[PDB]
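1. Here is the sequence, then the experimental structure:
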Protein chains: 2
Amino acid sequence: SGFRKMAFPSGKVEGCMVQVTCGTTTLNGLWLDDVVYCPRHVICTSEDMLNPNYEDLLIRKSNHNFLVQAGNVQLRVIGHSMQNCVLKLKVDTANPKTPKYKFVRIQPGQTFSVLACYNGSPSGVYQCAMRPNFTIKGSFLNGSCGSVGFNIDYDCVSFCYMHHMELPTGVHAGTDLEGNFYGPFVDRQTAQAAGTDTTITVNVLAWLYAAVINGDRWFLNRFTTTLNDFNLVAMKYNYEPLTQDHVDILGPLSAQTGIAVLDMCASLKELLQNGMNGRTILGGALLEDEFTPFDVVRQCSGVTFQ
Amino acid sequence: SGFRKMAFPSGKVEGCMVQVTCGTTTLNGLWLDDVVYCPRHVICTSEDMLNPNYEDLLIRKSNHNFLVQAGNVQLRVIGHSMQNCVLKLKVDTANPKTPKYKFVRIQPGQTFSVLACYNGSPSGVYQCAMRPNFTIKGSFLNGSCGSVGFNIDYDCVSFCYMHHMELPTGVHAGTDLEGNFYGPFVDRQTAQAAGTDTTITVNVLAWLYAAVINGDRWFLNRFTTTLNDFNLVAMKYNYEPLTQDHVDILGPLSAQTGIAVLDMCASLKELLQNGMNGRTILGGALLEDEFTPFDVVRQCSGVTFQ
């Protein structure tokens, strides 16, 4: 038993983290096959980040201006290109530790594991979630740009996020592995407003189901609610509107615990209206929203990707 | 910026996780060099766990009764021995992915990363802490026995924990890699009382320093306290007594933020006596105690073990 915020094993990703140097700036790159992916603001300086003309800046750079170090190996760049906000540095040799991988663009509310790196070396791994405003609340210091988020499917690594910048409000923004930013963010040092953030309601319900599986049950009320009447309360507390697609997602969790989805929504409503009253759920005093229903089923059944 | 509960990269540990089968029971083993370490209750059944005579049970077993699978490789056991509560299965070939490693016995309050495994395959990684009562609050299902906790020091892996059993109260107990249990626990299915758990005070202060580094500052009071007068309040709220060794541990954190250790203790005292008043610290409403002062300095400076 027990429930933990759990990250994917990072072995298959560690072997792909390299160091990318261009001029004075260093950040992390992703070495898959014979291509190194890294944020395009590695060709910038601190003053360039204000109003960067990335096309004119990259034209100044040639093939031998990019220093790619893989642990103690250094790769020979035999081609470079700019795909949106990511740089594709064609290298000499293919990464022998290249895992089976895909590039995926996730949706708000989905979760993934982040391998925090500095100078191409993995520092740590933690789980996070794409906020509904396309930001993430991670831990990224200077030199952590290019750190990647991923999911594991048995043997296949689904790369979904690349860290690019810290917003002035302390939150983090990034792109997919095709260089397209999540949200309305641009790789430019300016005031960038992230929209109003809401709580992923379907994630909160999955985390309540996980609490029932583990014994914590004081929040199970004797009332119910409808889908509409719950959404009226959800809008008041900045919660995502629950759709029928979300209710069907919680089907398996509903089947295992014998508690209907609408019955758990009334428990959440009373948690929103009345609070927790000094009690805890799975050792916490806030409603956790960083576990998808697939995350809960994974930890509760013991899925082994190896 | 940002602060996350962060686990060590698990690459060096994944390559050492094997499957150990003896009779009907399966659990995870640790393959370092030519020795496989696994809990000794792999030679038991469900009824054996009541009153197990491990010496008489192991004597019934011979060398070819242990089925060790490493991914798709299966190893040839050429020797077996019982060191306390751990089994040492001498195998034919040495693990080619054996990292530089030590066996360490940690102290209560120290933290480590757990690689949750099932049938010898890594499921996920998360950070935890040795509670003052020598238990851990992890996520261990059936078949997760033999999962190991570890710390990374640059290139060296310090193995410190091996999971053995779930206590009836839902908490977890285990041994070091020499087979010696943490706490008064025995590998026997019975009622085993874990002592009163307290909060690691030195960890809470380190987590408050991390909050100051990240901007959250509303708890910084205009009062102070002495070491004794704080310990009187700490005993009332089930907090570990703060010693001079703990104050010196927080020295670097005190030097970076310009806040004396005793000044932060008065802030914690008012947090204990007055609560949080609906506010949050680093996105949480409870006083986190699973970050050692070394953990905070690590995440704040960007230490890369690779």
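-> Cool, got the structure. Numbering: from 1, shown residues only, chains lettered A, B, ... in the order given.

2. Pull out the buried positions in stretch A:95-112.
-> A:95, A:98-99, A:101, A:104, A:106, A:108-112 (16 or more other CB atoms under 10 Å in any protein chain shown). Yep, even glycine has a C-beta here, placed from its N, CA and C like the rest.

3. Among those, which ones are in strands?
-> A:101, A:111-112 (DSSP state E).

4. With respect to chain B, which of these is nearest?
-> Proximity of those to chain B was ranked by CB to the nearest CB; the top entry is residue A:111 with 11.9 Å.

5. contacting residues for that closest one?
-> A:127-130, A:151, A:290-292, A:295 (CB atoms under 8 Å, 6 or more residues apart in numbering or on different chains).

6. give me that answer again for 10 Å
-> Residues counted as contacts of residue A:111 (CB atoms under 10 Å, 6 or more residues apart in numbering or on different chains) are A:5, A:7-8, A:127-130, A:136, A:149, A:151, A:160, A:200, A:203, A:289-292, A:294-295.

7. in the longest strand seen in chain A, what's buried?
-> Taking DSSP E as the criterion, chain A has its longest strand at strand A:156-166. Going by neighbour count (16+ other CB under 10 Å), the buried part of strand A:156-166 is A:157-166.

8. Is any residue of it near chain B?
-> Yes: against chain B, strand A:156-166 shows contacts by CB under 10 Å from any CB of the partner chain at residue A:166.

9. packing partners for that strand?
-> If you count contacts as 3 or more CB pairs under 10 Å, 6 or more residues apart in numbering or on different chains; DSSP states H and E, strand A:156-166 packs onto helix A:11-14, strand A:25-32, strand A:35-39, strand A:100-103, strand A:111-118, strand A:148-153, strand A:172-175.

10. mind running it again at 6 Å?
-> Packing partners of strand A:156-166 (3 or more CB pairs under 6 Å, 6 or more residues apart in numbering or on different chains; DSSP states H and E): strand A:100-103, strand A:148-153, strand A:172-175.

11. Those strands: which one's closest to chain B?
-> strand A:172-175 (6.9 Å).

12. still on that earlier bit, I'd like the helices and strands packed on strand A:156-166 laid out as CSV, including distance to chain B.
-> Formatted as CSV, the helices and strands packed on strand A:156-166 follow (distance: least, CB to the nearest CB, whole Å):
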stretch, distance to chain B
strand A:100-103, 15
strand A:148-153, 9
strand A:172-175, 7
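
13. Please work out which of those is packed deepest.
-> Most buried of those by mean neighbour count (mean count of other CB atoms under 10 Å in any protein chain shown) is strand A:172-175; its value is a mean of 26.

14. CA atoms of that one as PDB?
-> Only the C-alpha atoms of strand A:172-175 are listed here, as PDB (Å, rounded to 0.1, in the frame of the first residue of the first chain):
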ATOM      1  CA  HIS A 172       8.400  27.700 -16.200                       C
ATOM      2  CA  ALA A 173       7.500  27.500 -19.900                       C
ATOM      3  CA  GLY A 174       8.800  25.200 -22.700                       C
ATOM      4  CA  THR A 175       8.200  23.600 -26.000                       C
END
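
15. what's the helix or strand that that strand is followed by packed up against?
-> Next in sequence after strand A:172-175, counting helices and strands by DSSP states H and E, comes helix A:201-213. The contact analysis (3+ CB pairs under 6 Å, 6+ apart) places helix A:201-213 against helix A:251-257, helix A:293-301.

16. what does helix A:201-213 rub up against?
-> With contact meaning CB atoms under 6 Å, 6 or more residues apart in numbering or on different chains, helix A:201-213 is reached by A:3, A:234, A:239-240, A:242, A:246, A:250, A:253, A:257, A:264, A:281-282, A:287-289, A:291-293, A:296, A:300.

17. 7 Å - rerun?
-> By CB atoms under 7 Å, 6 or more residues apart in numbering or on different chains, the list of residues contacting helix A:201-213 from outside reads A:3, A:109, A:234, A:239-240, A:242, A:246, A:249-250, A:253, A:257, A:259, A:264-265, A:267-268, A:281-282, A:287-293, A:296, A:300.

18. on that earlier part again, filter the contacts of residue A:111 to the buried ones?
-> So, by 16+ other CB under 10 Å, the buried ones in the contacts of residue A:111 are A:5, A:7-8, A:127-130, A:136, A:149, A:151, A:160, A:200, A:203, A:289-292, A:295.

19. about what we covered before: single out the most deeply packed of the helices and strands packed on helix A:201-213.
-> By mean count of other CB under 10 Å, the helices and strands packed on helix A:201-213 have helix A:293-301 as the most buried, with a mean of 19.

20. And for it, what's in contact with it?
-> For helix A:293-301, the surrounding residues in contact (CB under 7 Å, 6+ apart) are A:3, A:6, A:111, A:202, A:206-207, A:209-210, A:213, A:249-250, A:252-253, B:139.

21. quick one: the helices in the stretch 1-150 of chain A?
-> Using DSSP state H, counting those that start in this stretch, the helices of the stretch 1-150 of chain A run over A:11-14, A:54-60.

22. Specify the beta-bridge partners of residue A:111.
-> residue A:129 (DSSP bridges).

23. Nearest to residue B:186 among the buried residues of stretch A:95-112?
-> Residue B:186 has its nearest neighbour among the buried residues of stretch A:95-112 in residue A:111, at 38.2 Å by CB to CB.

24. Quick one: end-to-end length of stretch A:140-151, please.
-> Its first and final residues considered, stretch A:140-151 spans 19 Å by CA to CA, to the nearest Å.

25. Revised request: answer the last question for stretch A:36-56.
-> With CA to CA applied, stretch A:36-56 spans 21 Å between its terminal residues.

26. buried sites along that stretch?
-> Result for stretch A:36-56 [16+ other CB under 10 Å]: buried residues A:36-44, A:48, A:52, A:54.

27. so can I have JSON lines of those showing distance to residue B:79?
-> Formatted as JSON lines, the buried residues of stretch A:36-56 follow (distance: CB to CB, whole Å):
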{"residue": "A:36", "distance to residue B:79": "46"}
{"residue": "A:37", "distance to residue B:79": "47"}
{"residue": "A:38", "distance to residue B:79": "49"}
{"residue": "A:39", "distance to residue B:79": "52"}
{"residue": "A:40", "distance to residue B:79": "56"}
{"residue": "A:41", "distance to residue B:79": "57"}
{"residue": "A:42", "distance to residue B:79": "53"}
{"residue": "A:43", "distance to residue B:79": "58"}
{"residue": "A:44", "distance to residue B:79": "59"}
{"residue": "A:48", "distance to residue B:79": "63"}
{"residue": "A:52", "distance to residue B:79": "63"}
{"residue": "A:54", "distance to residue B:79": "62"}
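
28. how far away is residue A:176 from chain B?
-> 21 Å (CB to the nearest CB, to the nearest Å).

29. got it, and residue A:179?
-> Applying CB to the nearest CB, the value for residue A:179 to chain B is 23 Å.

30. State the number of residues packed around that residue.
-> A count of neighbours around residue A:179, defined by other CB atoms under 10 Å in any protein chain shown, yields 19.

31. isn't it right up against residue A:81?
-> No: contact between residue A:179 and residue A:81 fails when scored by CB atoms under 7 Å: they sit 10.5 Å apart.

32. Alongside chain B, which residues does the stretch 201-306 of chain A contribute?
-> By CB under 7 Å from any CB of the partner chain, the part of the stretch 201-306 of chain A that sits against chain B consists of A:215, A:283-286, A:299, A:302-304, A:306.

33. okay, now residue A:194: neighbour count?
-> Residue A:194 has 18 neighbours, counted by other CB under 10 Å.

34. so it touches residue A:167, yeah?
-> Yes: proximity of residue A:194 to residue A:167 meets the contact threshold set by CB under 7 Å, at 6.3 Å.

35. Give me the spatial nearest neighbour of residue A:273, chain neighbours excluded.
-> residue A:233 (7.0 Å; CB to CB, 6 or more residues apart in numbering or on different chains).
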